[PDB]
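Just one chain is shown here, as structure tokens, and it is the form deposited in one PDB entry.
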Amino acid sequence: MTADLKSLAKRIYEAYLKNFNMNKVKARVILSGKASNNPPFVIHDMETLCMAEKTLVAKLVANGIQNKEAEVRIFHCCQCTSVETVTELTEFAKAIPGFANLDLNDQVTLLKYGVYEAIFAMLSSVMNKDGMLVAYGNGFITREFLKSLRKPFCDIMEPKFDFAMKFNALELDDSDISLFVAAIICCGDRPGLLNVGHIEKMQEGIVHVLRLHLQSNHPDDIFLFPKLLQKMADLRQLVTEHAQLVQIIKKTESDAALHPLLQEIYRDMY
């Protein structure tokens, strides 16, 4: 692990810390309850949802969502969070060496297919087996409450929890996750790329730094890099299924609206 490779890892780590409001260190501090006796407000049923939404009234009233079905309200708010994360991933990508120099349409394409893989990767940091932190760690929506919603909404998040439990068992830290997210974005085989050669060059550099970083930071998890290559493949499959579910909601749910700022990402994705 050469000094230049360590420096690239720390600079990507820095960009990740400066661009994402929530990181795994903060998440685990809250989920563990060590730094405080004031835990997040728990949304575990329809009544505690409605209580939480008293705080979120202005968010709901903004788009006239407040009289919608609870399932629609919940995932309106979740969409708003995705849009926020997409904005942060877009700034973060500037710190990947070479990304900003790519053809603008290639940057758009890399983000189009990459953001949700990174989103579900990073979501793992705010999940445990019982639920997920929401609202910058201030609330906690239980896994069972999400499974209790009417179909198809009860099937949206459960496969993300299933992915996260195995991902979290890898015990990645934020230095690892920042390079993983960088590697997710630099995939050379997204549909519609223009300069595949330039991108593969950029990808090989990030994947090389990632492998050596993992070997240095988790010396006792010898095949951690191969394990994370498989997670990258699992995430691409997870996102493909998510897109198909989004498509089914679009076709079968009349009163649910796809956030303007996510319509373009999903348009013709898979």
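Shifts are known only where both forms have a C-alpha. We number the residues from 1 along the sequence you see. Here the rigid core means the biggest group of C-alpha atoms that line up within 1.5 Å when the two forms are laid on top of each other.
Missing here is the form solved in complex with a partner chain; even so, the following discussion is about that form.
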*Considering its partner chain in the deposited bound form, which of 142, 195, 168, 87 comes within 4.5 Å of it through any heavy atom?*
87
*Is there any non-hydrogen atom of residue 153 lying within 4.5 Å of its partner chain in the deposited bound form?*
no
*Taking the shortest heavy atom distance, is residue 261 within 4.5 Å of its partner chain in the deposited bound form?*
yes
*Distance check, residue 112 to its partner chain in the deposited bound form, heavy atom within 4.5 Å*: yes
*Find out whether any non-hydrogen atom of residue 130 is located within 4.5 angstroms of its partner chain in the deposited bound form, and reply yes or no.*
no
*Within 4.5 Å of its partner chain in the deposited bound form, do 247, 250 and 257 each have at least one heavy atom?*
no
*With the core superposed, find the residue in 207, 27, 56, 238 that moves its CA 2 Å or more between this form and the one not shown.*
56
*Upon rigid-core superposition, which contiguous segments of at least three residues exhibit Cα shifts of 2 angstroms or more between this form and the one not shown?*
56 to 59
